[PDB]
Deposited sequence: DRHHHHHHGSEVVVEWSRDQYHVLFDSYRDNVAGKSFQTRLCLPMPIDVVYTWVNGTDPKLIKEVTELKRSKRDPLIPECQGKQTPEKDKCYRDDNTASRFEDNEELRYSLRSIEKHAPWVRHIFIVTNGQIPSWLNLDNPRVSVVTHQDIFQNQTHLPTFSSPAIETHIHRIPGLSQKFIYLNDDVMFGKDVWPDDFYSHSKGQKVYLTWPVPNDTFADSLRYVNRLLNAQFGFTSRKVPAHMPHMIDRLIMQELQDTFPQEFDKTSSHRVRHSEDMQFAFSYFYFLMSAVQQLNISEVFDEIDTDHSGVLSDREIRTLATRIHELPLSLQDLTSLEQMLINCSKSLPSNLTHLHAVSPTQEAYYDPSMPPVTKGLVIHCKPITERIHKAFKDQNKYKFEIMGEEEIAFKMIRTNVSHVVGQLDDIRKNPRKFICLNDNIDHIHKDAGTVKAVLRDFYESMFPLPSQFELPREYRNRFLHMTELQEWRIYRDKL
C-alpha cells in the first residue's frame, strides 16, 4: 500500500539502490534524564552520614517532559535514571517512559549507593535498549523552540558541538583541569572551550571508545560517591574526544579512489593522480619517476604473494602491474601518503555558536529574574536552562520560585502524557 510507495520511492533512482539511510536523519533517538528527589528523607539522611564519614526543586523534570512533547515529538523513548526513586506524578503505565536504576547500569555495585552525578553519567550509555544516538538532559534543561535531529547531528558534517567560554567560578573547574591534562597528554596541548549547558546527543559507540581510552579514570569517576576534583566530565570529555580522536588513512580505500576503472591495477594515468596526492604542485618528472621507481623497487623486495583481466601498458617497460597489494605493502609510498595526509579526525563534527542556547543563573533578585525570563519570552531559544541558584535564607526566595512557575506555566501549560491523570 502506502508502505510500498515509500519503499519503492527510495529505490527510484539511476542506481536502483536505496539511499534512505543517507537521505534521512538517524532514527531512533531516545532521551535520557537523571533525576533525584532531594526531599526524600532517607536520601538526606544517607548523604549527611557519608559527609560525616568523609531541598525542593521547581518541578523541572515535569516541564522538561512537556517541552519534549511540544518541541521534540520525534523522540522514541524516555529513560529516567534514578537511585530507585520515581516521581509521584510519573505515569509509568505509558510505555514511552521508563525508570532505570543506578544498579541496572553501574558496573561495580560497590560504587552504589551513589550521590555523584558524574558517576551516574559515566554509565548512562549502558542503558539496555538505548538508541545508538541518544540525547541526555539534566532536568533543569528543556526545549524552548521546535528542534529536530539536525539540531544535533548531520550526515555531512557530523555531530554539532556547542562550545562556550569557561567560567572560573565553576566548581567543575578542578575537574576541567584534570580532564584537560589527560586530554593534553593524549592528543597534545590545546586550549579548550566548555560545551554549553544544553541537551547533549551522545553516540554509544563513541562514548565507549572514550571510556576504553581512559578506562581507569572513568572507573575512578564512578567510584567517587560524591563529586570529586578528578572526575571525568560527561559533556566535556565526550565532545573533545569526538573532536580529538585521530585515524590514519586506509590505503586500500585510497587505492580504490585512484583505481577509477576498478580494475585492481593502477594505470599510468591513475598513478599520476597518486603522484599529485603525495607531492606539491607543480609536478616534476622526477616526482613521477621516483614514485615509479619506488613501485619497481618494492615489487622486487616484497614477497610475490603480497604483490599479486587486462594487461596494462606502462611508459616504463620495467614497471610491474601496480596492484593494490604492492601499493599497500610499499612502505616508502605508504609513508609519504601518511606524511601528506597527516593523522586526521576519525569523526566529523561542526562547531556551533551559543545563539540558540539560553542559559540563565536564577538567583534571588526578583526584578533580575523577571528580567532574565522576559528575555526568553521575547527571544525564544531552542535550548533553555534555568539554573536554580536560589538562596532559601533570603526572604524573596519564595517569590522568585513563584516567578519561575509563572514562566514555566506560561510556556508549557498542558500536562504531558507522562504525568498521571491528576
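Missing C-alpha coordinates: which residue stretches of the deposited sequence does that apply to? Those stretches are 1-18, 73-100, 355-359, 474-495, listed in order.
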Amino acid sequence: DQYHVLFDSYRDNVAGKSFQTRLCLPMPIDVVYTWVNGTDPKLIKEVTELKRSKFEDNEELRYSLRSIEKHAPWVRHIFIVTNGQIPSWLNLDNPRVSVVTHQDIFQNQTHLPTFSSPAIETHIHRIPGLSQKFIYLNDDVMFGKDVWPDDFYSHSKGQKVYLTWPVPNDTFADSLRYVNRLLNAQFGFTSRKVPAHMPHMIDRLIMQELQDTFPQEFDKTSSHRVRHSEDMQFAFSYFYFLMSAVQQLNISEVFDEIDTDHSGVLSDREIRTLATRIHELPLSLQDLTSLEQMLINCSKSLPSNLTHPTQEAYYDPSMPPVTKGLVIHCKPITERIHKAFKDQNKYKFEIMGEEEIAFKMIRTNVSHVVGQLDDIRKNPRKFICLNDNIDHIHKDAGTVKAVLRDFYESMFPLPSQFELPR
From here on, numbers count along this sequence of modelled residues.
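Averaging C-alpha B-factors over each stretch, which comes out higher, 179-187 or 334-342? For C-alpha atoms only, the mean B-factor is higher in 334-342.
Average Cα temperature factor in the PDB entry - higher stretch of 208-216, 251-259: Mean C-alpha B-factor is greater for 251-259.
Sort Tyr314, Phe239, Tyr162, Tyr136 by C-alpha B-factor from the entry and give me just the highest. The C-alpha B-factor peaks, among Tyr314, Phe239, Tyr162, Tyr136, at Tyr314.
Of the residues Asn83, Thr221, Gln286, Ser244, the one carrying the largest Cα B-factor as recorded: Among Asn83, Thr221, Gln286, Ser244, the highest C-alpha B-factor in the entry belongs to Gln286.
Consider only the C-alpha atoms of the modelled residues in this chain, order them by B-factor as the entry records it, and name the third containing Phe55: lowest, middle or highest. For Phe55, the deposited C-alpha B-factor lands in the highest third.
Relative to the other modelled residues of the same chain, rank the CA B-factor of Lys401 and answer lowest, middle or highest third. It belongs to the highest third of the chain when residues are ordered by C-alpha B-factor.
If you rank every modelled residue in this chain by C-alpha B factor, which third holds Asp203: lowest, middle or highest? According to the entry, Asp203 has a C-alpha B-factor in the chain's lowest third.
Ranking every modelled residue in this chain by its Cα temperature factor as given in the entry, which third contains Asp93? Its C-alpha B-factor, which the entry lists for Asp93, ranks in the middle third among residues of this chain.
Sorting the chain's modelled residues by C-alpha B-factor, tell me whether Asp30 ends up in the lowest, middle or highest third. Lowest third.
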